[PDB]
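Colleague:
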Amino acid sequence: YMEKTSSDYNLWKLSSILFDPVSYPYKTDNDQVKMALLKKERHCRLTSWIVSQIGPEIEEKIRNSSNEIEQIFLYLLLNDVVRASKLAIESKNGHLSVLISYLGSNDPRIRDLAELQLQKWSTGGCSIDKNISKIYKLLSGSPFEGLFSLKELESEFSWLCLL
Amino acid sequence: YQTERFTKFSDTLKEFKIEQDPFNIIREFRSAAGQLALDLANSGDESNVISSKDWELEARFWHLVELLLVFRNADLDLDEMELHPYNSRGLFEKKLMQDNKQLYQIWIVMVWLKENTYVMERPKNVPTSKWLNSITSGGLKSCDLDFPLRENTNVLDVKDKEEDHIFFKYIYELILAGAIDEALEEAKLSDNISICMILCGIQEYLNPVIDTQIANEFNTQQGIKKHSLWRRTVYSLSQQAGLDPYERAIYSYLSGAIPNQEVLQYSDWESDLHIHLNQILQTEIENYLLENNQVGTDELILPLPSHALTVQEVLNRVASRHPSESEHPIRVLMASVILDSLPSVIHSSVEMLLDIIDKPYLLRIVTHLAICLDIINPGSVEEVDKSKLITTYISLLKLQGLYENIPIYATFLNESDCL
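Heads up: the sequence lines are chains V and C, in that order. The first sequence begins at 12 in the numbering used here and counts up one residue at a time. The second sequence begins at 4 in the numbering used here and counts up one residue at a time.
1) With a cut-off of 8 Å, does the C-beta of residue 33/V fall near any C-beta of chain C?
2) Spell out whether any CB of chain V is found under 8 Å from the CB atom of residue 97/C.
3) What whole-angstrom Cβ distance do residue 423/C and residue 99/C have, given they're in contact under 8 Å?
4) Measuring only the C-alpha atoms, how far is residue 119/V from residue 113/V?
5) Hey, is residue 78/V's beta-carbon within less than 8 Å of any beta-carbon in chain C?
6) Could you check whether the Cβ of residue 215/C sits closer than 8 Å to any Cβ belonging to chain V?
7) Using DSSP bridges, identify the partner residues of residue 225/C.
8) Among the candidates 137/C, 146/C and 122/C, whose CA atom is the shortest distance from the CA of residue 141/V?
9) Counting only the same chain and skipping the five closest in sequence on each side, list residues whose C-beta sits under 6 Å from that of residue 51/C.
10) Excluding the 5 residues flanking residue 29/C on each side, which residues of the same chain have their C-beta closer than 7 Å to its C-beta?
11) Report, in whole angstroms, the separation of the C-beta atoms of residue 240/C and residue 108/V, which I expect to be a contact under 8 Å.
12) Please report the Cβ distance between residue 280/C and residue 123/C, rounded to the nearest whole angstrom; I am assuming they are in contact, meaning their Cβ atoms lie under 8 Å.
13) Reducing DSSP to helix, strand and coil, say where residue 402/C ends up.
14) Curious, which full-length beta strand (DSSP E) runs of at least 3 residues does the stretch 150-206 of chain C contain?
15) Sorted by chain position, which residues of the same chain lie with C-beta nearer than 7 Å to residue 221/C's C-beta, five sequence neighbours on each side aside?
16) Nearest chain C C-beta to residue 53/V closer than 8 Å, yes or no?
17) What does DSSP give as the partner residue(s) for residue 114/V in the beta ladder?
18) Name, please, each residue of chain C whose Cβ falls closer than 8 Å to the Cβ of residue 130/V.
19) Taking Cβ positions only, does residue 89/C come closer than 8 Å to chain V?
20) Does residue 164/C have its Cβ less than 8 Å from a Cβ in chain V?
21) Could you please tell me which residues of the stretch 14-39 of chain V, in chain order, have their CB closer than 9 Å to any CB of chain C?
22) Smallest Cα separation from residue 168/C: which of 252/C, 227/C, 379/C and 57/C?
23) Run down chain C in chain order and give the residues with a C-beta less than 7 Å from the C-beta of residue 47/V.
24) At the 8 Å Cβ level, is residue 82/V part of the contact set with chain C, yes or no?
25) Note down the Cα distance separating residue 82/C from residue 214/C, rounded to an integer number of angstroms.
26) Evaluate the contact criterion for the stretch 249-264 of chain C versus the stretch 125-138 of chain V: three or more CB pairs, one atom per stretch, below 8 Å.
27) Among residues of its own chain, excluding the 5 on either side of residue 224/C, which ones have a beta-carbon nearer than 6 Å to its beta-carbon?
28) Taking the continuous alpha helix (DSSP H) assigned at residue 89/C, which residues delimit it?
29) Taking Cβ positions, are residue 304/C and residue 232/C nearer each other than 8 Å?
30) Quick one: which chain V residues come within Cβ less than 8 Å of residue 201/C?
31) Should the stretch 185-203 of chain C be called in touch with the stretch 60-75 of chain V, which here means at least 3 C-beta pairs below 8 Å?
32) In the DSSP assignment, find the alpha helix (DSSP H) that holds residue 373/C and state where it starts and stops.
33) For residue 78/C, which three-state DSSP category applies?
34) Evaluate contact between the stretch 134-151 of chain C and the stretch 344-356 of chain C, counting only Cβ atoms and requiring at least three cross-stretch pairs below 8 Å.
35) How about residue 237/C and residue 267/C: do their beta carbons lie closer than 8 Å?
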C-alpha cells in the first residue's frame, strides 16, 4: 500500500527485514542449525538493503576519486568484494586483490594477522598508503573499535554506510 | 655383507606363509628396499650412488603399490552422502572425493608424489622484517606487497628482491611437498602476513552448523565462500609479471594451473606429473561444482580451462617431456600401477625373457610383485607367468649360492615337485 520510492516504504521495509520472522523452507538436520541459517539469511538481506541505500552516495564518490586504491576501498563500501578484487588486479594491485577475497569470511587467523600488520606499520612503518591501511583495517574485523581507526570517516560518510 | 638383500625379501615371505594383512608383505618390501637404499648411499664407491637411487626408487614403488592396492582392494563400501543445495561447497568437494574413486586415486597418487618431494633446508639468517632495505633507503610510500606493482619495480631494493626470491622459492618447494602447515608457519614468522593470508584461501567453505555431516571435524566455520573468485584472483595474480618467478609459480599451483617456464624447466618426471595431476584434480572439482549449481555467475571473472585430462594422457605427455626418466624400468612399473595395467606389464616383461636380464633389481621386483598380487588378489597374474618368473629368479638364487631359501618361493606350484 506504499510507494517503493517513499522514505516511509524504507522504514516499513527495514522494519520487516529486522523484525518479521524469516522462514527457511529447507529441512535441517537439527534445530540450532536452523537458527544459524535464519541468522545468515536475515544478515544477508539487511546488508543487501543497506547497500541499496548507500548505493548512489558511494557511486558518486567513485565517480570523483582520482586514485585507484581508494576506488577499491569504495567498492568494499558497496560490499562488492569481487569488483574490488578485479580493480586491484587491473590496477596491478594483485596481492591486495588476493587479500580482498577474504572479506566476508570471518577467518580469525586473517583477522589477527591483518591487525598485526597494522601494529607493525603503526610502530615505525615509515609510510603506508592511506587506503591500503583502510583495507587492512577492514580485514582486521574491528574497523572503528580500533587502533588505526576508520572512526574519522564519520565525517565523510552516511552513518549507515559505516554501519 | 650387502649381498644379503634377497634374504630380506625372502624373509618377509617366510613370515607371511607362517602365521596361518598380506599388505604387510609389501610394506616390508618397502622398508627393506629403503634400508638397502641407505646402505649403498652412506659410505660408498660412486658406482654405488647409482644403485642406491635404484633402491630408493624401488622403495617408492613399493609404497605407491601399498597405497593404491590398499585403497582399491580394502574397498568395503561405506555409506553414501546425501547433500542439499543449501550445503556448502566444502561438502560437495568431499562428496566428489567419496563417490568418484577414479579421482580419489589421483589424490592418492599426488599424496605419494608429495611424500617423496625434496625440500631445501630452511633459509638461515632471515631478516627481522619484510622489505626492510627499501624502507630504510626511503621510497616505499606504501608498505604493501602491491606497491611496486602500482608503479615501476625500481621501487624495491635489490637485496629485498633477492630475499623475496629466497622466501618464495622455499615456500614453493614446501607447497609441492604438501607442507602447507609449514608454509603458513614460515609466512607468519618471516613477516609475510599477506602471503600467509593468500595461502589461507586454499580451503573450500564449510560450516559445521550447516554442513552437519562434518560437525565432528569442525567446531567453527572455515574456508572461503567465493572460491571460484579466489581462484581466478590468484590465477590472474599468477599471470602478472614483475613478480618473482617462484611467487607466480605458487599462484599457478594454487589456481590449478601450470607454473611459468622459468620454474617448470627444473621440474622432473615426478614434479611435472604432480603439477599436471593437480591440474586434472582442480579442473574436475570446479566442474563438479558447476554441474551442481554451487558456483555463482559473478565469480566467473576469467576463463580457466574446463577440460580435464585423463591420467593416461597426462602420463603420456609427461613421458614425452621426460623420456630418459620415463623409460627407467621401475618408473614404468610406477605408471603401470597408476593406470592399473599391472599384470599387463608383468606378462610383458615375462615375454622379455623369451634387456631385462641386464638390470638386476627388475627380475626380482617383478617376481615379488607377482607373488604379492596373487596373494592379495587370487587370480591376478597368469599361473604360467608366476611359473616362468619364479623359475628364473630361483635359478639366480642358485647362481648366488642361496639354495637355503628356495623352498619358500616353491610354495606356489605343483611344479615345485621338480625341485
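Every residue, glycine too, gets a C-beta built ideally from N, C-alpha and C.
Modeller: Taking the geometry as given:
1) no
2) no
3) The structure shown does not extend to residue 423/C, since chain C spans only 4 to 422, so no value can be given for it.
4) 11 Å
5) no
6) yes
7) 209/C
8) 146/C
9) 43
10) 65, 68, 69 and 375
11) 6 Å
12) With a Cβ gap of about 23 Å, residue 280/C and residue 123/C do not count as contacting.
13) helix
14) none
15) 209 and 211
16) no
17) 116/V
18) In chain order: nothing, as chain C lies at least about 11 Å away.
19) yes
20) no
21) 35, 37, 38 and 39
22) 252/C
23) 212 and 213
24) no
25) 17 Å
26) no
27) 210
28) Run containing residue 89/C: none; DSSP gives neither H nor E here.
29) yes
30) 106, 109 and 110
31) no
32) 363-379
33) coil
34) no
35) no
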